[PDB]
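Analysis of the macromolecular model
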Amino acid sequence: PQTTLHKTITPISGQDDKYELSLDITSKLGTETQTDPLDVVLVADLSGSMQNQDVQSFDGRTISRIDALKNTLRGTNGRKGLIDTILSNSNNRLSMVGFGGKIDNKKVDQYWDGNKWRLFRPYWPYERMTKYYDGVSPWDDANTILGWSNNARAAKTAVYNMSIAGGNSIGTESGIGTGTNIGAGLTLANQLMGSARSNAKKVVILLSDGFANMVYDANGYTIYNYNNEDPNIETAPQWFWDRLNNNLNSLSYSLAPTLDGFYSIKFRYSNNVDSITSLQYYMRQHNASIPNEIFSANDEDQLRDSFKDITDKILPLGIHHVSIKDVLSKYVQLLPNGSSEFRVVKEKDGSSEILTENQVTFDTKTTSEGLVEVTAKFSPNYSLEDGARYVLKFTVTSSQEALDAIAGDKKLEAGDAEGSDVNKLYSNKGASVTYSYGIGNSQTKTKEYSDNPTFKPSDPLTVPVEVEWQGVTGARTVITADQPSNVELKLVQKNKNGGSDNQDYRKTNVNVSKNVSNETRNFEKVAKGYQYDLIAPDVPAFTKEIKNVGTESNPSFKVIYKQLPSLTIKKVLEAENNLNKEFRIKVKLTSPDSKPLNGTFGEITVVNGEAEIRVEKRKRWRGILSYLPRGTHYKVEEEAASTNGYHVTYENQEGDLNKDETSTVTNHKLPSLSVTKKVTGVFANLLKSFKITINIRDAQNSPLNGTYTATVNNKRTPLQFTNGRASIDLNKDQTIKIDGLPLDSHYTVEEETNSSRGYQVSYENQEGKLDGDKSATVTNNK
Ligand SMILES: [Ca+2]
Ligand SMILES: [Mg+2]
């Protein structure tokens, strides 16, 4: 009648992105019924078999079936009995009826000729010939125990007065008989129901204990089935079956379209012949919409419960056939593996209990739009206690759509959120309750929830990024190289759905100040739910290393720049005179992977791991192979040509470049001997070749051997010394500078005797030690 609908979404505190939806409903009537008076007719088997003492009572005694139902209706000392139940409401009135058949028909006639009686005229298998008895009453196999009455006391007395017929039952005998003529009871019920209030709820409750062994004829005389003379053999001839089905059908045709409900209880049903089944069929044929059920009871307790069930279906607590439904918006989803804890809670006067599986079921359809429909279907018959709170509770989490939205990666459209605020996302697309009030699926109203709740997703992430600049040897060594002025960094978001990764998702630029080695900056509003990586510039002179120092779910990136090492070649000039000299130094460079190197590095270019440095005064006698790969192996050697005149020693000539190295080529100019020929007594001449022998012993006292560079007339020439003797030809006023002679060697100059042809030969510095540049002169006088 009256219903209260409320729905909210409550944040589960200290669980990120988890909420609880609560959809409650509360029933309210006010009084007893919404002025829907009941007209209830009880039809009771009063057959002989219904006095069978074979029923276990609540108190542990076996009593008779009559005795049992005498208690189930009236009530064991004001115990809640069917009578009381129904007539609790003063608008409600009830009629009671008892049925039991008498044998109006004969089996087989015999002939008593004042002597003997043997079978004369058979009737039992009627080929349309049965004869009955005389004076038998038609329509006499049932009586109204109680006409329409709202007087519970009178009814309790009437039940108390219910009793089974006495003697073997012939149609002559008055009152009901001891047979089962179910047709009889229903006939009378139909009559009573015709006098029922035609704006009440007409309900009939049938009760039987065995199969119907009797059928009324068209005239109302009772035909008994003599095939069932043995109670242990329920067997019937064809024509009897026909009449029974027809009678049942006819009764149903008149009753069912007037009834609002029909209920049958087969107490202690024994006969394999099942005819309450047949009744249900015909009833449904003539009214498929009415509640139509058959119960099975074997003891007094089972009878009470089954009776009560009917008094709970016609006489309501409240509302039934209940179903609570929520369609979730795109912005929420259910926890996997039924972790949402779908539960319906009942509020009993403050206190509360969880409805069981037998009270409520849960369903998960995916809807036509493409959203999820949570459906809380209650047991069809479950009635909501008047003024109790039945609340559906379950957990949901933010969808990716929501997580995207709060980061600002998805656009709120129309009615996705309250006032297009991402902190006010709507959790439901729509939600509803369906219920019925009355008997069966009659009223079936659907109210849509008025409330549209809102929630805020978890704060998007702040993904931090640090940039460390390290010098050659590591952190806290000064950087000597040009840094850029800043580096632009870009957060990359790996695409879940396919291949197209977002390489410009967010962006930040980090200032690079010299003399500050650590600087952090942040990417703000990053969406939860994704893996992320970092793009960072390749800075010249440095190596890069990007690493996520955090988690996947909470990234934090660091980028380390470490300056590459470089090799410097210095040349030192011992015996320095000329400053405007150049020297070439070779450097073989084998990179890590033990593979040769290729690239350019300062002003020095590297091919297959070779490189050549030309050093001179204006270059500060230095050359630098800058920012070579870490751990590059190097090996130095001065070029052959440049080792002329000089003894060349070396420092750091080979190693690995893990720090900045300096290799140093020192050069010691070696002594030189110069010999000059001067002539006296002549002026200019062709006869001028004078042959002059030089003897040199090393410092080791050892005769010199091999070739040395001698310049004559600005023309480098090889001079061969053999056993410390060489010879030269000099012209008037010519010199020869023999270069590269060993330090501390000793020399002698003399003139070949044939070349001294009538010449006074004089000498200056004729012998000497070569501790530096020495010079000799030979003079001639003709
Ligand atoms: Ca009769
Ligand atoms: Mg019976």
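- Method of determination, as annotated in the archive: X-ray crystallography, at 2.984 Å resolution.

Notes on the overall build of the chain
- Summing up its helical and strand segments, the chain has 8 helices and 53 strands in all.
- In terms of overall dimensions, the chain has a C-alpha envelope of 210 × 65 × 45 Å along the principal axes.
- A sequence separation of at least 24 residues applies to 70% of the contacts in the chain between residues at least 6 apart.

Looking at the coordination of the magnesium ion (ligand 2)
- Bound to the magnesium ion (ligand 2) are the protein donor atoms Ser47 (OG), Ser49 (OG) and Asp209 (OD), situated 1.9 to 2.5 Å from the metal.
- Linear spacing of the donor residues for the magnesium ion (ligand 2) on their chain is S-x1-S-x159-D. Taken as a pair, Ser49 in the loop between β3 (38–45) and β4 (55–56) and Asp209 in the loop between β10 (201–208) and β11 (214–216) lie far apart in primary sequence, 160 residues in all.
- Assessed through its relative accessible area of 28%, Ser49 is described here as partly exposed.
- Judged by relative accessible area, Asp209 falls into the buried class, the value being 5%.

Thoughts on the sheet that holds strand β30 (residues 532–535)
- Here we have 3 strands laid out as an open sheet, ordered β28-β27-β30, and antiparallel in their pairing. Each edge of the open sheet carries a strand with a single partner, namely β28 (502–511) and β30. Across the sheet, the axes of successive neighbouring strands diverge by a mean angle of 25 degrees, strand direction being ignored.
- Pairing of strand β27 (residues 486–493) with β28, which is carried by 7 bridges, proceeds in the antiparallel orientation.

Regarding the sheet that holds strand β46 (residues 706–712)
- Strand order in the open sheet formed by 6 strands is β47-β46-β49-β44-β53-β51, with mixed pairing between adjacent strands. The sheet is open, and its two borders are formed by β47 (716–721) and β51 (760–764), each paired with just one other strand. On average, each strand axis in the sheet is inclined to that of its neighbour by 25 degrees, with strand direction left out of account.
- Pairing of strand β44 (residues 672–680) with strand β53 (residues 774–781), which is carried by 8 bridges, proceeds in the parallel orientation.

Section: the side chain of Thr632
- Looking at the element boundaries, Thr632 is found in strand β40 (residues 632–638).
- Of the polar contacts made by the side chain of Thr632, one reaches the side chain of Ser591; its length is 3.3 Å.
- Apart from residues no more than four positions distant in its own chain, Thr632 is found in contact with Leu589, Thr590, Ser591, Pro592, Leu597, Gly655, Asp656 and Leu657.

Digging into the coordination of the calcium ion (ligand 1)
- Here the calcium ion (ligand 1) is held by the protein donor atoms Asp104 (OD), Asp104 (OD), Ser137 (O), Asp140 (OD) and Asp140 (OD), which lie 1.9 to 3.0 Å from it.
- Along the chain, the residues that donate to the calcium ion (ligand 1) are spaced as D-x32-S-x2-D. Of this pair, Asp104 sits in the loop between β6 (93–99) and β7 (108–112) while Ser137 sits in the loop between β8 (117–122) and β9 (142–149), placing them 33 residues apart in sequence.
- Its relative accessible area of 25% is what places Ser137 among the partly exposed residues.

A look at the environment of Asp84
- Tracing the sequence through the fold places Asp84 in helix α2 (residues 82–87).
- Residue classification places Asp84 among the partly exposed positions, given a relative accessible area of 42%.
- Sequence separation between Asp84 and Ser254 is 170 residues; the distance between their C-alpha atoms is 29 Å.

Topic: the domain arrangement of the chain
- Domain boundaries in the chain define domain 1 (38–311), domain 2 (567–669) and domain 3 (672–781).
- Summarising the inter-unit geometry, the C-alpha centres of domain 1 and domain 3 are found 160 Å apart.

Focus: the packing of aromatic side chains
- Applying the stated rule across the entire model yields 17 aromatic pairs.
- Residues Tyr19 and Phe455 carry aromatic rings whose centres are separated by 4.8 Å and whose planes lie at 50 degrees to one another, so their mutual orientation is tilted. With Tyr19 in strand β2 (residues 18–28) and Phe455 in strand β25 (residues 454–455), the pair connects residues that are 436 residues apart, well separated along the chain. When sorted by exposure, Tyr19 lands in the same class as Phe455, which is buried.
- Ring plane angle 70 degrees and centroid distance 5.0 Å describe the contact between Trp139 and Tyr216, whose orientation is recorded as edge-to-face. Note that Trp139 is positioned in the loop between β8 and β9 and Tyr216 in strand β11, a separation of 77 residues in sequence.

Thoughts on the packing of helix α4 (residues 182–194) against helix α5 (residues 238–255)
- α5 packs onto α4 with a crossing angle of 15 degrees between their chain directions and a minimal axis gap of 10 Å. Taken together, the axes of α4 and α5 are roughly parallel relative to one another. You can see that α4 and α5 cross each other, and the crossing is left-handed. Contacts between α4 and α5 involve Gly183, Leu186, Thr187, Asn190 and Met193 from the first element and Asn247, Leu248, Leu251, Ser254 and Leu255 from the second.
- Residues that form the contact of α4 with α5 fall into these classes: 5 nonpolar, 5 polar and no charged.

A word on the pairing of β40
- Only one face of β40 is covered, namely the face carrying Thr632, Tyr634, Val636 and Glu638; the face carrying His633, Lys635 and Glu637 is uncovered.
- With 6 bridges joining them, strand β34 (residues 582–591) and β40 adopt antiparallel strand pairing. Looking at β40, one finds that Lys588 is bridged to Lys635.
- Judged from the 4 bridges that link them, β40 and strand β42 (residues 654–657) form a sheet pairing that is antiparallel. By the bridge assignment, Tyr634 is partnered in β42 with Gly655.

Overview of the environment of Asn580
- Positionally, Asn580 belongs in the loop between β33 (567–574) and β34.
- Residues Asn580 and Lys266, spaced 314 residues apart in sequence, show a C-alpha to C-alpha distance of 131 Å.

Regarding the side chain of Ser252
- Tracing the backbone through its elements, the reader meets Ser252 in helix α5.
- Within the structure, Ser252 has its side chain in polar contact with the backbone oxygen of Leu248 (distance 2.8 Å).
- Not counting residues within four places of it along the chain, the set of residues in contact with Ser252 comprises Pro257, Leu279, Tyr282, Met283 and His286.

A word on the pattern of salt bridges
- Summed over all chains, the structure comprises 36 salt bridges.
- Salt-bridge contacts for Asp309 lead to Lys313; the nearest nitrogen and oxygen are separated by 2.7 Å.
- What makes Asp309 partly exposed here is its relative accessible area of 32%.
- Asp538 serves as the salt-bridge partner of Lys544, at 3.5 Å between the closest nitrogen and oxygen.
- On the basis of relative accessibility, which here comes to 67%, the residue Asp538 falls in the exposed class.
- What emerges from the salt-bridge pattern is a single network uniting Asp54, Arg65, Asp209 and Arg268.

Quick look at unusual backbone geometry
- A positive phi is found at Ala575, a non-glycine position, where the angle reads about 40 degrees.
- Position of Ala575 among the secondary structure elements: in the loop between β33 and β34.
- With a relative accessible area of 41%, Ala575 lands in the partly exposed category.
- For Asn608, which is not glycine, the phi torsion reads 50 degrees and is therefore positive.
- By secondary structure assignment, the location of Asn608 is in the loop between β37 (604–606) and β38 (610–616).

Rules of the game
- Residues numbered from 1 in each chain as written, not as in the entry; some residues may be left out.
- Chains lettered and ligands numbered in written order.
- Heavy atoms only, no water.
- Residues with missing side-chain atoms left out of burial classes, pairs and counts.
- Helix = DSSP H or I, 4+ residues; strand = E, 2+ residues; numbered from the N terminus.
- Contact = heavy atoms within 4.5 Å.
- Donors = N, O, S within 2.8 Å, 3.2 Å for Na, K, Ca; no water.
- Buried < 20%, exposed > 50% of the residue type's maximum accessible area, 1.4 Å probe, protein only.
- Pairing = 2+ DSSP bridges.
- Axes fitted to C-alpha atoms, helices over the stretch in contact; angles between N-to-C directions.
- Polar contact = N/O pair within 3.5 Å; in protein donor to acceptor, adjacent residues only side chain to side chain.
- Domains from an automatic or database assignment.
- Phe/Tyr/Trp six-rings, centres within 6.5 Å; stacked < 30°, edge-to-face > 60°.
- Parallel < 35°, antiparallel > 145°, perpendicular 65-115°, else oblique.
- Left-handed = near helix turned anticlockwise from the far one by under 90°.
- Nonpolar A, V, L, I, M, F, W, Y, C, P; charged D, E, K, R; others polar.
- Salt bridge = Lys/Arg side-chain N within 4 Å of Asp/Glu carboxyl O.

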